[PDB]
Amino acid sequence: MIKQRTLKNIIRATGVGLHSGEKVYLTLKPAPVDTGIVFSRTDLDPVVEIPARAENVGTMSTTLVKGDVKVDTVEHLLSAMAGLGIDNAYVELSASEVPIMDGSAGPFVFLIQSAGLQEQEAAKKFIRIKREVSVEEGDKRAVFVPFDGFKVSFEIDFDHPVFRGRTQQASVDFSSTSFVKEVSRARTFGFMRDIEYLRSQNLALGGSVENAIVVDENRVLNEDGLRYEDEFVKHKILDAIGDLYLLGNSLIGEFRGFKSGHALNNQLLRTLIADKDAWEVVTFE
């Protein structure tokens, strides 16, 4: 059979929180079969756990909620876990947010490869899209399409000098195109206008050219840090791979995003969950 995977070893990472600007400790540990990805606030007492589930989501990133208790910026870590097929793992946080690291999945990918993958004696469960499912917000569109594989297609028209007047598009088929090589290290575009507001208000303190391609009203300041052609939509695809993993199992199917973000990504997932005939669970031999 195709088996569930966890981590072979505990691994620890230190970074800055995206919003605090303050040091935060992350520990990844193996978990049992059928656990999924479970976030732990160990700084609290009693420790509070929040499963990585669509229904546990509550702006510019994906936040998990249980009560007043939250875990911020889950999208990149969940994307690394999606990309390497990690089914089951505990995520312990010293604080309310995942460290932003280089601001891609690359750091998490590398810590998980370094931990090692452990097969478990239990069938890996897949969510296979049977029939099309879609959500719209003004011009924003997310859509699930039946497909023999996993495929994420992203298109956005952002009205900035940087894009030279052109819609940004990227497809990724994870039969030919590797998550690790072609999406995992992509950083988002930060717009001085947006960052300037937040920093004034003591928010997004941790965000810089270390964890973002920073663009002013005109130009990418830090072209030196570009890793890919069409990096922005490649990071959007990374964001969506992370958000889609809140389904709790790998997707067999195609995702199409048009101006979509975390908000619509979560609406799509719910809408699919609601639509029991749009999907079935499969395992393989």
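By rigid core we mean the largest C-alpha set that fits within 1.5 Å across both forms. Residue numbers run from 1 along the displayed sequence.
The stretch that moves more in 9 other deposited structures of this protein, judged by CA deviation after a rigid core superposition and choosing between 259 to 267 and 13 to 21, is 13 to 21. After a core fit, the C-alpha atoms in 9 other deposited structures of this protein lie farther on average from the shown form in one of 36 to 44 and 224 to 232, namely 224 to 232.
According to the entry, the deposited sequence has 1 to 3 residues without coordinates between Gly58 and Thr59. As the entry records it, the average C-alpha temperature factor is higher for 216 to 224, out of 23 to 31 and 216 to 224. Here 84 to 92 and 184 to 192 are compared by their mean Cα B-factor, and 184 to 192 comes out higher. Comparing the listed residues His76, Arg128, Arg131, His160, the entry records the largest Cα B-factor for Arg131. Across the options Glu254, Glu231, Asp239, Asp43, the residue with the most elevated CA B-factor in the record is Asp43.
Among the modelled residues of its chain, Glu137 has a C-alpha B-factor that falls in the highest third according to the deposited record. Sort the chain's modelled residues by C-alpha temperature factor and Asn265 lands in the middle third, per the entry.
Placement of the Cα temperature factor of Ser171 within the chain: highest third of the modelled residues, per the deposited record. Looking at the C-alpha B-factors along this chain, the one for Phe179 belongs to the lowest third. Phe154: CA B factor in the middle third of modelled residues in this chain (values from the PDB entry).
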